[PDB]
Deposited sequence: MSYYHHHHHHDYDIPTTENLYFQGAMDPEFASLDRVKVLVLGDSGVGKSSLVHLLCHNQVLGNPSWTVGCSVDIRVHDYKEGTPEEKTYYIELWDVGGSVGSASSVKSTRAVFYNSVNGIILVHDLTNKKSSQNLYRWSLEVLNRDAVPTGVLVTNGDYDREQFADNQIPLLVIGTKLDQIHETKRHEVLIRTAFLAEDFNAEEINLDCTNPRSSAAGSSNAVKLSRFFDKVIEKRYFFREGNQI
């Protein structure tokens, strides 16, 4: 059993990301996610090796807003227990959504050098960043990932090549999930 929280502002592409991570295909008709949605990634630990083993990784998309009232956040807090990894999702076209990752992470880790829970920062809508602005956008997200002591992936969740097997993105994703499993069990 493995529980990975998927955190981020509404509209950044969480449901699309989760769908790609669990089904290797693009989420075609994303609807507004009500409540906590859970999808399972059938994950090959140490993929491609003779010690390959299957784990069911639960991706918990709990939802909500960092601008919610205190009482709303307290009810959300019961979902943040027994967490084995966290994916922090931001929309690369919306600087507000990456800033809000600091609020999201504090909600969990207080209700970063000392944090032992593996973290992964994912920027979505990379396709929407003009080549003109890519250097500036990505320099900032590097600072973001370092603050969390986290690896970073930037991708287009609506392009199935984003996580194609053997791609650089797919390799980093497998490394993160293997680290989640290792810190939980080994």
Point out each run of deposited residues with no C-alpha coordinates, keeping the order of the sequence. 1-34, 146-163, 239-245
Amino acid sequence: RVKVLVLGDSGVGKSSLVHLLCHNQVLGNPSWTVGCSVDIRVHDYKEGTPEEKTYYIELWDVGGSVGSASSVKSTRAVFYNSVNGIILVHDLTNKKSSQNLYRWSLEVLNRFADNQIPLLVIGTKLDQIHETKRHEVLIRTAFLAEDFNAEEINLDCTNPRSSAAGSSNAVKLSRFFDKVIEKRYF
From here on, numbers count along this sequence of modelled residues.
In at least a third of the other compared PDB entries, does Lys73 have no coordinates? no
Of the other entries that cover residues on both sides, do at least a third skip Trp32? yes
Mean CA temperature factor from the deposited coordinates, higher in 90-98 or in 67-75? 67-75
Output the stretch having the higher mean C-alpha B factor in the entry; the candidates are 101-109 and 78-86. 101-109
Take the CA temperature factors straight from the PDB entry and tell me which of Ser15, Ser174, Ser167, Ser10 peaks. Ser167
Take the CA temperature factors straight from the PDB entry and tell me which of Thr49, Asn154, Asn29, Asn159 peaks. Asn29
Considering every modelled residue of the chain and its Cα B-factor in the PDB entry, is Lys125 in the lowest, middle or highest third? middle
Chain-relative C-alpha B factor for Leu144 (record values, thirds): the highest
Based on the entry's values, in what third of the chain does the Cα temperature factor of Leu138 lie: lowest, middle or highest? highest
Entry-reported Cα temperature factor of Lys3, expressed as the chain third it lands in: lowest
Report the third (lowest, middle or highest) to which the CA temperature factor of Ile117 belongs, ranking only the modelled residues of the same chain. highest
